[PDB]
Amino acid sequence: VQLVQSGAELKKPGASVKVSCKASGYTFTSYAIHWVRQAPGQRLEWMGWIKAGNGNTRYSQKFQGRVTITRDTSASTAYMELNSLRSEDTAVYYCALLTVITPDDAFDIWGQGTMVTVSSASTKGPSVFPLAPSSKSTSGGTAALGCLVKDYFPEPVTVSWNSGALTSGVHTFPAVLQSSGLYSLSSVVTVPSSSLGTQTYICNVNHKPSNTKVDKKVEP
Amino acid sequence: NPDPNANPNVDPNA
Amino acid sequence: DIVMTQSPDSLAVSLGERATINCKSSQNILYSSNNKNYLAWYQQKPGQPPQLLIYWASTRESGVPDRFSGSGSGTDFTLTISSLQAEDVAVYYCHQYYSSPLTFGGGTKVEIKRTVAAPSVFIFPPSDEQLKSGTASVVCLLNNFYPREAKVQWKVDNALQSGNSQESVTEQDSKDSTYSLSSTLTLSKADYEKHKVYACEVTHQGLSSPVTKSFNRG
């Protein structure tokens with residue numbers, strides 16, 4: 001039972017955004033898909049639900065005249081469209097099978113969330129630069145290396161190492177806001193210094209709003 | 001009393 | 001709305017200790033006809049969706065560790081972690097499904113207190129490919145330290161820098177309960193090429209004196 005959401009987006013004020021929610025691993029028509037907003041410094045906010053079977057909906061009064069939730073049974077997908085976007089609508093938008101309690105099942109699954117940023121600024125894709133291991137990044141048999149992801153907009157970017165095979169010792173830092181209004185972040189990992197000559201370390205950088213998919217090999 | 005339509009995924013009966 | 005109020009807002013306990021989080025609903029959410037409390041508890045880690053822990057205020061979801069227990073009825077509810085483990089650092093939310101709209105609590109952030117750990121300090125000169133873009137970023141890395149408080153100062157040719165650097169700290173690590181921090185000094189290529197010595201100086205409780213990590217350009 002899984003819910004997969006569409007990627008992060010940037011939208012102008014006054015425009016509309018349409019977030020999809022692809023469901024699998026369960027009988028789609030049997031349950032209701034909810035949509036929940038997570039805004040910075042604010043508590044989780046329920047926006048509405050749709051019954052995946054007959055398409056009936058219920059919206060919160062806070063979004064009643066401005067949100068539209070729909071579904072497509074053929075594609076087992078639910079959708080959340082938000083109109084007349086305000087810069088205050090920048091948030092993480094979740095779809096979720098909230099508290100499924102049936103005489104036979106009990107489960108709760110959320111989608112991974114979708115960053116929506118509302119801004120008049122243009123999309124900017126990041127440059128990816130290596131943070132190579134060296135004598136100034138080694139300590140006690142370990143070597144630190146990483147990638148610098150510079151000058152992108154909007155948030156977020158995601159970083160993995162060796163396509164997810166390398167997770168131990170990874171630190172991907174929160175983005176910082178530069179004076180230009182662009183973001184930067186770094187991702188680092190600590191690896192054995194003894195095997196720098198035989199192992200390969202690649203940082204996988206994703207910035208969906210700019211369609212950026214970079215695989216940077218990091219070497220001494 | 002609870003609103004059974006607050007979350008249709010919840011069956012109140014056991 | 002049914003207002004969910006959680007206390008305390010943040011909680012710091014040692015590893016293996018007992019943590020208690022209170023949630024109070026502004027309205028009675030117990031239904032006398034079926035003796036059920038329409039309350040759920042969620043755990044959320046940074047960058048992750050919330051995960052259900054408890055429903056009906058005391059029924060554990062399958063696969064949730066036994067150290068999570070829910071209790072209470074009516075308006076006063078308690079989430080207990082009997083013995084915190086390192087991966088329990090997260091924000092915990094209560095949630096009511098008694099009436100529409102569904103609402104959530106403000107969250108209680110649970111953190112771990114542990115022993116002092118001095119940072120490991122590393123420095124990275126700008127890459128050759130960044131330099132051909134007219135900009136030079138120098139990165140100073142502070143790895144796996146505790147407590148969170150730390151000071152980073154940049155020196156270029158031994159001169160203290162101001163206004164050209166940015167810093168960010170990680171969330172608490174789910175395995176060793178430490179923090180890491182990255183600082184970036186950003187200069188023009190022309191300004192980078194006219195100085196020799198680049199250093200970041202780190203102050204932290206685990207260090208008797210500040211540690212300086214430096215390199216010479218080229």
# chains A, B, ... in the order shown; residues from 1 in each chain; ligands from 1
>>> interface_residues(of="chain C", to="chain A", cutoff="9 Å", atoms="only C-alpha atoms", output="PyMOL selection string")
chain C and resi 40+47-52+55+61-62+97+100-107+120-130+137+139+141+143+166-171+180-182+213-215
>>> closest_atom_pairs(of="chain C", to="chain B", cutoff="12 Å", atoms="only C-alpha atoms", output="tab-separated table")
residue	atom	partner	partner_atom	distance
C:2	CA	B:2	CA	11.6
C:27	CA	B:1	CA	10.8
C:28	CA	B:1	CA	9.3
C:29	CA	B:2	CA	7.5
C:30	CA	B:1	CA	8.4
C:31	CA	B:1	CA	6.3
C:32	CA	B:1	CA	8.6
C:33	CA	B:1	CA	9.0
C:34	CA	B:13	CA	7.6
C:35	CA	B:12	CA	10.3
C:36	CA	B:12	CA	8.2
C:37	CA	B:2	CA	9.8
C:38	CA	B:2	CA	8.2
C:39	CA	B:10	CA	11.5
C:40	CA	B:10	CA	11.7
C:55	CA	B:10	CA	10.5
C:56	CA	B:12	CA	9.8
C:95	CA	B:7	CA	12.0
C:96	CA	B:6	CA	9.7
C:97	CA	B:6	CA	6.4
C:98	CA	B:2	CA	4.8
C:99	CA	B:3	CA	4.9
C:100	CA	B:6	CA	4.6
C:101	CA	B:6	CA	6.5
C:102	CA	B:6	CA	6.6
C:103	CA	B:6	CA	10.3
>>> select_by_dssp(residues="segment 149-213 of chain C", states="strand (DSSP E)", output="MDAnalysis selection string")
chainID C and resid 151:156 159:160 165:169 179:188 197:203 211:213
>>> residues_around(residues="segment 5-19 of chain C", least_positions_apart="4", cutoff="7 Å", atoms="only C-alpha atoms", output="ChimeraX atom specification")
/C:23-25,80-86,105-114
>>> select_by_dssp(residues="segment 150-218 of chain C", states="helix (DSSP H, G or I)", output="VMD selection string")
chain C and resid 189 to 193
>>> write_last_selection(atoms="N, CA, C and O atoms", output="PDB file, in the first residue's frame")
ATOM      1  N   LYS C 189      35.990  35.014  -7.924  1.00  0.00           N
ATOM      2  CA  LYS C 189      37.233  34.381  -8.359  1.00  0.00           C
ATOM      3  C   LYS C 189      38.408  35.342  -8.247  1.00  0.00           C
ATOM      4  O   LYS C 189      39.492  34.961  -7.786  1.00  0.00           O
ATOM      5  N   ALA C 190      38.215  36.597  -8.664  1.00  0.00           N
ATOM      6  CA  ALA C 190      39.300  37.570  -8.583  1.00  0.00           C
ATOM      7  C   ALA C 190      39.749  37.769  -7.142  1.00  0.00           C
ATOM      8  O   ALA C 190      40.951  37.809  -6.861  1.00  0.00           O
ATOM      9  N   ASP C 191      38.797  37.877  -6.211  1.00  0.00           N
ATOM     10  CA  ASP C 191      39.172  38.037  -4.812  1.00  0.00           C
ATOM     11  C   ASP C 191      39.771  36.759  -4.240  1.00  0.00           C
ATOM     12  O   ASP C 191      40.679  36.827  -3.405  1.00  0.00           O
ATOM     13  N   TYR C 192      39.302  35.589  -4.680  1.00  0.00           N
ATOM     14  CA  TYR C 192      39.898  34.347  -4.195  1.00  0.00           C
ATOM     15  C   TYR C 192      41.362  34.241  -4.616  1.00  0.00           C
ATOM     16  O   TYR C 192      42.216  33.838  -3.817  1.00  0.00           O
ATOM     17  N   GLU C 193      41.675  34.637  -5.853  1.00  0.00           N
ATOM     18  CA  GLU C 193      43.020  34.449  -6.392  1.00  0.00           C
ATOM     19  C   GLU C 193      44.052  35.395  -5.785  1.00  0.00           C
ATOM     20  O   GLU C 193      45.254  35.146  -5.927  1.00  0.00           O
TER      21      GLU C 193
END
>>> residues_around(residues="residue 21 of chain A", least_positions_apart="6", cutoff="8 Å", atoms="only C-alpha atoms", output="list in words")
residues 3, 4, 5, 6, 77, 78, 79, 95 and 111 of chain A
>>> write_last_selection(atoms="N, CA, C and O atoms", output="tab-separated table (two decimals), in the first residue's frame")
chain	number	residue	atom	x	y	z
A	3	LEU	N	1.63	5.42	-1.83
A	3	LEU	CA	1.10	6.62	-2.45
A	3	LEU	C	2.28	7.44	-2.96
A	3	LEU	O	3.17	7.79	-2.17
A	4	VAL	N	2.31	7.73	-4.25
A	4	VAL	CA	3.44	8.42	-4.87
A	4	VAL	C	2.94	9.71	-5.49
A	4	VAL	O	2.06	9.70	-6.36
A	5	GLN	N	3.51	10.83	-5.06
A	5	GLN	CA	3.07	12.15	-5.48
A	5	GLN	C	3.97	12.71	-6.57
A	5	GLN	O	5.12	12.29	-6.74
A	6	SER	N	3.44	13.67	-7.32
A	6	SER	CA	4.20	14.34	-8.35
A	6	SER	C	5.24	15.28	-7.73
A	6	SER	O	5.21	15.60	-6.54
A	77	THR	N	-5.35	7.31	-9.50
A	77	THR	CA	-4.71	8.55	-9.09
A	77	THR	C	-5.74	9.55	-8.59
A	77	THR	O	-6.83	9.66	-9.16
A	78	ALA	N	-5.40	10.25	-7.52
A	78	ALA	CA	-6.17	11.38	-7.02
A	78	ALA	C	-5.41	12.66	-7.31
A	78	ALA	O	-4.18	12.66	-7.42
A	79	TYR	N	-6.14	13.77	-7.44
A	79	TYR	CA	-5.54	15.04	-7.80
A	79	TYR	C	-6.06	16.14	-6.91
A	79	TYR	O	-7.22	16.13	-6.48
A	95	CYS	N	-0.89	13.95	0.14
A	95	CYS	CA	-2.07	13.10	0.07
A	95	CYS	C	-1.88	11.94	1.04
A	95	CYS	O	-0.76	11.49	1.28
A	111	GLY	N	1.57	9.98	1.27
A	111	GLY	CA	2.50	10.21	0.19
A	111	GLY	C	3.73	10.96	0.67
A	111	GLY	O	3.78	11.47	1.80
>>> residues_around(residues="residue 204 of chain C", least_positions_apart="5", cutoff="12 Å", atoms="only C-alpha atoms", output="PDB file with N, CA and C atoms, in the first residue's frame")
ATOM      1  N   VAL C 116      29.269  15.243  25.761  1.00  0.00           N
ATOM      2  CA  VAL C 116      29.943  16.191  24.882  1.00  0.00           C
ATOM      3  C   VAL C 116      30.750  15.440  23.831  1.00  0.00           C
ATOM      4  N   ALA C 117      30.678  15.905  22.584  1.00  0.00           N
ATOM      5  CA  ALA C 117      31.493  15.359  21.504  1.00  0.00           C
ATOM      6  C   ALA C 117      32.038  16.512  20.675  1.00  0.00           C
ATOM      7  N   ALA C 118      33.360  16.635  20.620  1.00  0.00           N
ATOM      8  CA  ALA C 118      33.971  17.707  19.852  1.00  0.00           C
ATOM      9  C   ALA C 118      33.793  17.452  18.356  1.00  0.00           C
ATOM     10  N   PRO C 119      33.673  18.508  17.556  1.00  0.00           N
ATOM     11  CA  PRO C 119      33.513  18.318  16.110  1.00  0.00           C
ATOM     12  C   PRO C 119      34.803  17.861  15.451  1.00  0.00           C
ATOM     13  N   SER C 120      34.646  17.101  14.374  1.00  0.00           N
ATOM     14  CA  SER C 120      35.722  16.871  13.421  1.00  0.00           C
ATOM     15  C   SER C 120      35.617  17.946  12.348  1.00  0.00           C
ATOM     16  N   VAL C 121      36.703  18.682  12.123  1.00  0.00           N
ATOM     17  CA  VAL C 121      36.672  19.879  11.290  1.00  0.00           C
ATOM     18  C   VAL C 121      37.439  19.618  10.002  1.00  0.00           C
ATOM     19  N   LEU C 142      31.829  20.745  10.019  1.00  0.00           N
ATOM     20  CA  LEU C 142      31.925  20.330  11.416  1.00  0.00           C
ATOM     21  C   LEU C 142      31.069  19.081  11.559  1.00  0.00           C
ATOM     22  N   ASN C 143      31.700  17.942  11.813  1.00  0.00           N
ATOM     23  CA  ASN C 143      31.013  16.661  11.749  1.00  0.00           C
ATOM     24  C   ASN C 143      30.786  16.098  13.147  1.00  0.00           C
ATOM     25  N   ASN C 144      29.533  15.723  13.430  1.00  0.00           N
ATOM     26  CA  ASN C 144      29.144  14.845  14.540  1.00  0.00           C
ATOM     27  C   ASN C 144      29.617  15.382  15.897  1.00  0.00           C
ATOM     28  N   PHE C 145      29.051  16.526  16.274  1.00  0.00           N
ATOM     29  CA  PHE C 145      29.376  17.149  17.549  1.00  0.00           C
ATOM     30  C   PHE C 145      28.129  17.277  18.415  1.00  0.00           C
ATOM     31  N   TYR C 146      28.359  17.466  19.717  1.00  0.00           N
ATOM     32  CA  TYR C 146      27.315  17.695  20.709  1.00  0.00           C
ATOM     33  C   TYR C 146      27.938  18.490  21.851  1.00  0.00           C
ATOM     34  N   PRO C 147      27.274  19.549  22.349  1.00  0.00           N
ATOM     35  CA  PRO C 147      25.942  20.005  21.937  1.00  0.00           C
ATOM     36  C   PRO C 147      25.912  20.795  20.633  1.00  0.00           C
ATOM     37  N   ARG C 148      24.704  21.238  20.283  1.00  0.00           N
ATOM     38  CA  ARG C 148      24.450  21.889  19.003  1.00  0.00           C
ATOM     39  C   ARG C 148      25.188  23.214  18.865  1.00  0.00           C
ATOM     40  N   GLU C 149      25.382  23.931  19.966  1.00  0.00           N
ATOM     41  CA  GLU C 149      25.973  25.261  19.894  1.00  0.00           C
ATOM     42  C   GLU C 149      27.406  25.184  19.378  1.00  0.00           C
ATOM     43  N   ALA C 150      27.717  26.010  18.383  1.00  0.00           N
ATOM     44  CA  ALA C 150      29.065  26.057  17.837  1.00  0.00           C
ATOM     45  C   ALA C 150      29.256  27.392  17.136  1.00  0.00           C
ATOM     46  N   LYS C 151      30.507  27.837  17.080  1.00  0.00           N
ATOM     47  CA  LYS C 151      30.867  29.085  16.426  1.00  0.00           C
ATOM     48  C   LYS C 151      31.873  28.784  15.325  1.00  0.00           C
ATOM     49  N   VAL C 152      31.646  29.353  14.145  1.00  0.00           N
ATOM     50  CA  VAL C 152      32.559  29.234  13.015  1.00  0.00           C
ATOM     51  C   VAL C 152      32.977  30.636  12.599  1.00  0.00           C
ATOM     52  N   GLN C 153      34.283  30.857  12.477  1.00  0.00           N
ATOM     53  CA  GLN C 153      34.814  32.125  11.998  1.00  0.00           C
ATOM     54  C   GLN C 153      35.759  31.873  10.833  1.00  0.00           C
ATOM     55  N   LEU C 181      27.445  20.561  10.960  1.00  0.00           N
ATOM     56  CA  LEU C 181      27.252  21.918  10.468  1.00  0.00           C
ATOM     57  C   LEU C 181      28.159  22.152   9.271  1.00  0.00           C
ATOM     58  N   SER C 209      40.561  24.988  23.346  1.00  0.00           N
ATOM     59  CA  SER C 209      40.836  26.188  22.577  1.00  0.00           C
ATOM     60  C   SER C 209      40.290  26.010  21.174  1.00  0.00           C
ATOM     61  N   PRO C 210      39.962  27.105  20.485  1.00  0.00           N
ATOM     62  CA  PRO C 210      39.447  26.991  19.117  1.00  0.00           C
ATOM     63  C   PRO C 210      40.434  26.282  18.202  1.00  0.00           C
ATOM     64  N   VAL C 211      39.897  25.486  17.278  1.00  0.00           N
ATOM     65  CA  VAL C 211      40.700  24.741  16.315  1.00  0.00           C
ATOM     66  C   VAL C 211      40.602  25.448  14.972  1.00  0.00           C
ATOM     67  N   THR C 212      41.738  25.610  14.303  1.00  0.00           N
ATOM     68  CA  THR C 212      41.793  26.240  12.993  1.00  0.00           C
ATOM     69  C   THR C 212      42.193  25.205  11.949  1.00  0.00           C
TER      70      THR C 212
END
